[PDB]
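These protein sequence lines map, in sequence, to chains A and B.
Position one of the first sequence corresponds to residue 485 (the authors' numbering), numbered consecutively onward.
Position one of the second sequence corresponds to residue 195 (the authors' numbering), numbered consecutively onward.
Think of the CB as a built atom: it goes at the ideal place given N, C-alpha and C, for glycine as much as any other residue.
Take a look at the structure below.
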Amino acid sequence: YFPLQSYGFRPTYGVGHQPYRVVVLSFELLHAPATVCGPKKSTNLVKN
Amino acid sequence: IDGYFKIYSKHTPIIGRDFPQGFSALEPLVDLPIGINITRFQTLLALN
Ligand SMILES: *[C@@H]1O[C@H](CO)[C@@H](O)[C@H](O)[C@H]1NC(C)=O
Numbered sequence: 485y486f487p488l489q490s491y492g493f494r495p496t497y498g499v500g501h502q503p504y505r506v507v508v509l510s511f512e513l514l515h516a517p518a519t520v521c522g523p524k525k526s527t528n529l530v531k532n
Numbered sequence: 195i196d197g198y199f200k201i202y203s204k205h206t207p208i209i210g211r212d213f214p215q216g217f218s219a220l221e222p223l224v225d226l227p228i229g230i231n232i233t234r235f236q237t238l239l240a241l242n
């Protein structure tokens, strides 16, 4: 048997058979560097 | 240091011919989180 089978997505198919785009975001944290930080908020500057 | 490659540099004019007698500290120029093993290095020359 061929390992690869075509999905054959069609709009007329049901919700369970409609195409769904899936992205897995793995936040790997190797024990030395840090390159992906969060864009956290910055407030106003008040003096005196 | 700690996976950080730090490069400091300075551009001193020469008062004389070679190795002027004076003091000029090296300002930090770049810090790079490359985090790789460094044990040797080589320079590149330009040939005309
Ligand atoms: C290379 O660097 C890693 C950390 O990035 C360190 O654990 C390892 O011992 C180093 N290897 C050598 C051969 O110096």
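| Query | Result |
| --- | --- |
| Pull up the DSSP beta-bridge partners for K200 of chain B, would you. | B:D225 |
| At the level of alpha carbons, what is the spacing between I232 of chain B and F493 of chain A? | 52 Å |
| Using the three-state DSSP reduction, which class does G210 of chain B fall into: helix, strand or coil? | coil |
| Just how far apart, CA to CA, sit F213 of chain B and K525 of chain A? | 50 Å |
| Taking DSSP as the reference, what is the three-state secondary structure of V530 of chain A? | coil |
| Examine chain A for any beta-carbon lying closer than 8 Å to the beta-carbon of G210 of chain B, and answer yes or no. | no |
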